[PDB]
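Undergrad: PDB entry and its sequence, pasted below:
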Amino acid sequence: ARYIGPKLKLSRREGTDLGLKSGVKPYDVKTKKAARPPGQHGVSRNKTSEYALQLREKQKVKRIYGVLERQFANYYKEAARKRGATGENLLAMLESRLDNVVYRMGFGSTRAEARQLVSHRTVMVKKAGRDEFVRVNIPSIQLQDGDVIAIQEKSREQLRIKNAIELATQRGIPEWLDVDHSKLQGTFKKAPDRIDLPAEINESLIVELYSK
Amino acid sequence: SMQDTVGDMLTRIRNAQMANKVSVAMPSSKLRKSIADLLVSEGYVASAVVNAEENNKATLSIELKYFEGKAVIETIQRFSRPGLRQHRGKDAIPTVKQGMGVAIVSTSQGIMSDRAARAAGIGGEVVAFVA
Amino acid sequence: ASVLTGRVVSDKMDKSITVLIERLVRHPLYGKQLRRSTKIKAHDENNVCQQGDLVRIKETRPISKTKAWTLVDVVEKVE
Amino acid sequence: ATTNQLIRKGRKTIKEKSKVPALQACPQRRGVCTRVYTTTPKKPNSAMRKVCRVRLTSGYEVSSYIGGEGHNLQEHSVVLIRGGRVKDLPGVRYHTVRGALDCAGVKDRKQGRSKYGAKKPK
Amino acid sequence: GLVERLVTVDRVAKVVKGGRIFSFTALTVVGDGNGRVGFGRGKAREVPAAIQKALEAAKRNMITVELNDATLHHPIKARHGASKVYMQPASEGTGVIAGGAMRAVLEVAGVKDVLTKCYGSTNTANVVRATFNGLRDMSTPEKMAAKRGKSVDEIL
RNA sequence: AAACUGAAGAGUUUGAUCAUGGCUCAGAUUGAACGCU
RNA sequence: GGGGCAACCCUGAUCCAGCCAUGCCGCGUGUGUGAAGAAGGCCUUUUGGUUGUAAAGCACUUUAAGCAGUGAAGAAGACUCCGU
RNA sequence: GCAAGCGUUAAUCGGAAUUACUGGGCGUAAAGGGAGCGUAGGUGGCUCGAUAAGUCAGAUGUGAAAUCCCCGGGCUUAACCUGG
RNA sequence: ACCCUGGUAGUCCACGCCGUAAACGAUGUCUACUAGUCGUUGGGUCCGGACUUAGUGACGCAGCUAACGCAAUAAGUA
């Protein structure tokens, strides 16, 4: 499954912009309500507890990338087992998802529209070492060091892809990704480092929550 | 009566340092001297000299050390007691204070520190933990 | 091949002795070694050794219902 | 509790018995109602709670609690009994399953419908 | 530039002729986040005055702890009365997995990854004090070597 | 090269406290059953 | 695997198909854009808040399912013929 | 908050250091036998030897495969399969 | 019933049973070590004192304890 309902009341529950709306308007203009959480009361009394800043920090990362709990608790299980820091191996698995990468590269206005491109067989992946361009319809493919992404010839004249590039340039392009607008082709050169993503996400709260 | 000669030795040292005594003395023995010699060479006590007394008896005197008015030997506990002996292999020697302390090990090459036994790749009876 | 040593606690059978072998089987949870013992009936063809002796016994083909070991050497004898 | 004392006697913990013996380690058991009555709870609070005494297929005859507002149980009603005690009711350690066999789901339930065997309203 | 955090606020009572006099006790842990930490608990009739009084009692009960740049140097087992605590160093990225009382002192003292477990009674005041004793009694390889008159290389 | 990574507590006895000590809870798991879907 | 020189026969082993959300895993039920912030519900200090960019509208996309084609690999080359 | 599932019940371990070997207690919270002698048993002073059973180390054989973990490889991904 | 006046078993003796008490220091026995002060019992050795032993007490450090409190006759360290 995936979350279908309104997107600007997710951000509002987190208290920050989640990039769930393409950046044609400022975040405080698309919703204009983003001071109070959604619903009747929203901004009120009661002192939030340690568990609440843990749940809300993990709910936020899940909402950013669009991954549900069962697929996201498997990621933490891969990141714990894996050598090195858990909360940084987790942020790499989520940034190495094929549906996330065709949005960091500029073919999707937002991850939900980049999820709609990978799933609808409009994005080809080529594993580094192999020479064929397989078509894929699995958003959760973990890219590796050297994988090359390319848009399908049938859907290379997409009117929604063409403006997703325009709008990405303002947002910028990461350094661990090499994009080619003319050839509608990219390259997952490297998994992103911890200091290449926003410092407002506190991954230490995520690892803290998955230990009861 | 007394059935733990090694435990008596450590208890004498533990109480003497708790009482800020300059030195601790007890009847001597090769096993006691071997442990006392290791404490000297590990740097936990100043010196340990054996004085041969009459009637084929000996006295082992150990000079204790204090750092900033505190006893150098913070903890000295016995691991392999007579009621339950503890022998370990070369890879099962328990460390003391993450390598800072000494686990006195009785190997076939004599009493020596745990770091020495691992270097020699040899196990033995872990007789005490001193830190 | 497979020799075992123990004392003789009984020798009142014809061409047969009971040997008490001691072992130190260690407790699997508490680590203390408990000294246990089993009575093995060996075959003494000439019926020479008495009770209280050290005897080596080796496993062989069974000679009786509950006897499959044989005496090979008497290292020690009653004082 | 020395080492010699532990290798002689040894620590013996005791396992607790089941709090729902009539089920015989089964999630639910079916039974026949032999009495459908009401009774009063213990000291702190007051009510008339609905209880049915049911003879189960396991040979036990226990009393289960009919939860919800309204029911349709009488003598010789076939009901599913699950575990779970009622704190206010002494000697009641089972709940009758609503909607299971003869017991009907709570008529006008809307929120916690699956706990009371009520279909989703169209 | 000091980090303060409140551990618990409890409502206590005293009995008099007319009835009960309710007061509030607050236990805080103040720390630099760079090795300096300290706890204190204050009592007042109002919660804000109990919190404020707890902070001042903590800023004067402070210690400096030499950490292993992310975590502790060696496993620690300490106790205050009936609360027994235990802490051991953890790898980087593990995080401070601890109970609310243990987490407060460790997080504000600068520890970022440590494995803890509280035994005995989990009274917040005594657990905070038992952890405080363990952090103050914790030793450094440099201090151990200098205590024996040897070098850190001579003492692995 | 690697197999070497792992440890959280809470509620409830009191006018209040600390301790003791039971009970309960948050986790994981299933050849599962049942209810709603 | 059993029988036979083989041809071949037998094999509810096995290889598959059927039923079941019983479990694990994966995908979907759309995506962008949309404000005097529509109506309806709910609260309300009776006029504001909230459902809420949510909806409508506008522009797209067709994974899965459906329809139509095409189409590997699971096959070990038995027999028969030639040569050594 | 989960999601084609979600809850409830049953059941095991956990949390429970609440049988405590790791890792608890016994003046007053439960807990020292009324006291002693003593059998089996447990444990046991110093020094010089012998032995090598315990202990430690090495080698060799064995510890099936699967499973677990590590490094890889194939299923579009994953579950799955798989080489060392 | 408490109080009063009487009063039998018992209390006493011999020989046997019983085997229990808040049979308590509510603290098993045996070792070694760890500031000190003041009593007291039975010794001993010195010069009215001093010292040293084996008991028996009152205090009081460190240490321990939830606290009370224990504290060389430990509930301290083993």
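TA: Structure's in. What do you need? Numbering: from 1, shown residues only, chains lettered A, B, ... in the order given.
Undergrad: check contacts around residue 73.
TA: Went with chain A since none was named. residue A:210 (C-beta atoms under 8 Å, 6 or more residues apart in numbering or on different chains). The C-beta positions use only the backbone N, C-alpha and C, and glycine is treated the same way.
Undergrad: to clarify, I was referring to chain E.
TA: By C-beta under 8 Å, 6+ apart, the neighbours of residue E:73 are B:98, B:100, E:66-67, E:89, E:138-141.
Undergrad: hmm, 6 Å instead?
TA: By C-beta atoms under 6 Å, 6 or more residues apart in numbering or on different chains, the residues touching residue E:73 are residue E:140.
Undergrad: in a helix, it, correct?
TA: No. Going by DSSP: H, G, I helix; E, B strand; the rest coil, the assignment for residue E:73 is coil, not a helix.
Undergrad: how much space between it and residue E:132?
TA: Per C-beta to C-beta, to the nearest Å, residue E:73 is found 17 Å from residue E:132.
Undergrad: same check on residue E:59?
TA: In terms of C-beta to C-beta, residue E:59 sits 14 Å off from residue E:132.
Undergrad: quick check on the residue in chain C that chain A sits nearest to: phi, psi?
TA: Residue nearest to chain A within chain C (C-beta to the nearest C-beta): residue C:29, separated by 28.4 Å. The phi and psi values for residue C:29, taken as degrees, to the nearest 10, are phi -120, psi -40.
Undergrad: give me the neighbour count for it.
TA: Residue C:29 has 10 neighbouring residues, counting by other C-beta atoms under 10 Å in any protein chain shown.
Undergrad: what about residue E:59 and residue E:132, which has more around it?
TA: Using other C-beta under 10 Å as the criterion, residue E:59 and residue E:132 rank with residue E:132 on top: 22 against 14.
Undergrad: closest residue of chain D to RNA strand H?
TA: For chain D, the residue closest to RNA strand H is residue D:83, as judged by C-beta to the nearest atom of the strand, at 2.3 Å.
Undergrad: name the nearest residue to that residue, ignoring sequence neighbours.
TA: The spatially closest residue to residue D:83, leaving aside those adjacent along the chain, is residue D:20, at 4.0 Å (C-beta to C-beta, 6 or more residues apart in numbering or on different chains).
Undergrad: against chain B, how distant is the one you found?
TA: 44 Å (C-beta to the nearest C-beta, to the nearest Å).
Undergrad: burial count for that residue?
TA: Residue D:20, neighbours per other C-beta under 10 Å, totals 18.
Undergrad: so what does residue E:115 have for phi and psi?
TA: Residue E:115 adopts backbone torsions of phi -100, psi 120, taken as degrees, to the nearest 10.
Undergrad: do you know how far the residue of chain C closest to chain A is from residue D:7?
TA: On the measure of C-beta to C-beta, residue C:29 and residue D:7 end up 8 Å apart.
Undergrad: with residue C:30 instead?
TA: Distance of residue C:30 to residue D:7, computed by C-beta to C-beta: 5 Å.
Undergrad: what about residue E:130, which helix or strand?
TA: helix E:124-137 (DSSP states H and E).
Undergrad: next one: that helix to chain centre, how far?
TA: 5 Å (C-alpha atoms, centre = their mean, to the nearest Å).
Undergrad: so which bits of it are buried?
TA: E:124-135 (16 or more other C-beta atoms under 10 Å in any protein chain shown).
Undergrad: circling back: hmm, the residue nearest to residue D:83 is touching residue D:81, no?
TA: No. Using C-beta atoms under 6 Å, residue D:20 makes no contact with residue D:81, being 9.1 Å away.
Undergrad: look up the closest residue to residue D:72, ignoring the ones flanking it.
TA: For residue D:72, ignoring the flanking residues on the chain, the nearest one in space by C-beta to C-beta, 6+ apart is residue D:104 at 5.0 Å.
Undergrad: helix, strand or coil: sort out that neighbour for me.
TA: coil.
Undergrad: what about it, neighbour count?
TA: Neighbour number of residue D:104 under other C-beta under 10 Å is 16.
Undergrad: how near is it to chain C?
TA: For residue D:104, the distance to chain C - C-beta to the nearest C-beta - is 56 Å.
Undergrad: equivalent analysis for residue B:131, please.
TA: Counting by C-beta to the nearest C-beta, the gap from residue B:131 to chain C is 23 Å.
Undergrad: contact partners for that residue?
TA: Counting by C-beta under 6 Å, 6+ apart, residue B:131 has contacts B:74-75, B:96-97, B:101.
Undergrad: and the residue in chain E positioned nearest to RNA strand H, what helix or strand is that in?
TA: Closest residue of chain E to RNA strand H, C-beta to the nearest atom of the strand: residue E:119 (4.2 Å). Per DSSP H and E, residue E:119 falls inside strand E:114-120.
Undergrad: who's in contact with that strand?
TA: E:71-72, E:82-88, E:90, E:96, E:98-99, E:102, E:106, E:127.
Undergrad: are any of those residues buried, and which?
TA: Using 16+ other C-beta under 10 Å, the buried ones in these are E:71-72, E:83-87, E:90, E:96, E:98, E:102, E:106, E:127.
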